[PDB]
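In structure tokens, one chain follows: the form deposited in one PDB entry.
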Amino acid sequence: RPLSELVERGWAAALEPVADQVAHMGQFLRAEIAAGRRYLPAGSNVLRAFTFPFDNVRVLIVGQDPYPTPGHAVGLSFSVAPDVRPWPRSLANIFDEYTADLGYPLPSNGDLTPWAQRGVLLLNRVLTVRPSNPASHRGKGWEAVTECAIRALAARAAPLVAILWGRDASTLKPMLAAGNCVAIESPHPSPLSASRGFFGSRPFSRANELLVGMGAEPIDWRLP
């Protein structure tokens, strides 16, 4: 099943260097189901961030791992289905920093699809997880794929703001040093990290200033 049949053409051209690594992950995920070990998100959502145009990404948000709880992970980092309540704790924290920063009402639901439609790539360093076992798919070979994806967005001769949430900041800043790119970091919005530097980081209106700075359009961050 060639990438072109799983992701947007731009992305498929961007990810040809790791097309094998991608196929190998499909074998891994197949072996996981065979062994009675489901994964999240759903197979159709695993590469979903790369379903929005490679050539339209203005802001890259990089997390760690998909939500480990069944019903949560939808293949856009931090996003959940429109009817999901309560929200996952990372998303609740994000939304509070959202209203602090931008002064907009608390969003209705946790569906971050509007951001994806407006050039925000919602990326996780690792794109699958064993349910109720956080970070369980670290080291399984996603890292090569997300690094090629990040490296490819940086070499793209267009403005990019990277928002590096959590332990992958110092690993990802180097891939993102380029005249057209700025990487801003904070501790992860997860409950244990969020109090020591996520709250008050005002990343959304920082991102916008850096864009307007680079002559590019600001993101409209407004969620219904």
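Between two forms, the rigid core is the largest collection of C-alphas that superpose within 1.5 Å. When you see a residue number, it is the position in the sequence shown, counting from 1. Only residues modelled in both forms are compared.
In this crystal structure, the stretch out of 63-71 and 153-161 whose C-alpha atoms carry the higher mean B factor is 153-161. The question of which stretch, 131-139 or 83-91, has the higher mean Cα B factor is settled in favour of 131-139.
Per the PDB entry, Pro191 shows the highest C-alpha temperature factor of the residues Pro53, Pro187, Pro41, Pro191. Ranked by Cα temperature factor within the chain, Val46 sits in the lowest third according to the deposited record. Annotation for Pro203: CA B-factor lies in the lowest third of the chain's modelled residues. Placement of the Cα temperature factor of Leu211 within the chain: highest third of the modelled residues, per the deposited record.
Separately, the form deposited in another entry exists; it is not shown, and the next lines address it.
Shift analysis on the rigid core between the shown form and the other one singles out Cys181 from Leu164, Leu47, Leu29, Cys181 (C-alpha displacement of 2 Å or more).
When the rigid core is held fixed, the Cα atom of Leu192 travels 2 angstroms or more between the shown form and the other one. Here's the thing about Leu210 and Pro187: their CA atoms end up at least 3 Å closer in the other form than they are in this form. CA of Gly63 to CA of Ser186: farther apart by 3 Å or more in the other form than in the shown form. Core-superposed comparison between the shown form and the other one places the runs of three or more consecutive residues whose CA atoms all shift by 2 angstroms or more at 168-170, 178-195, listed in sequence order.
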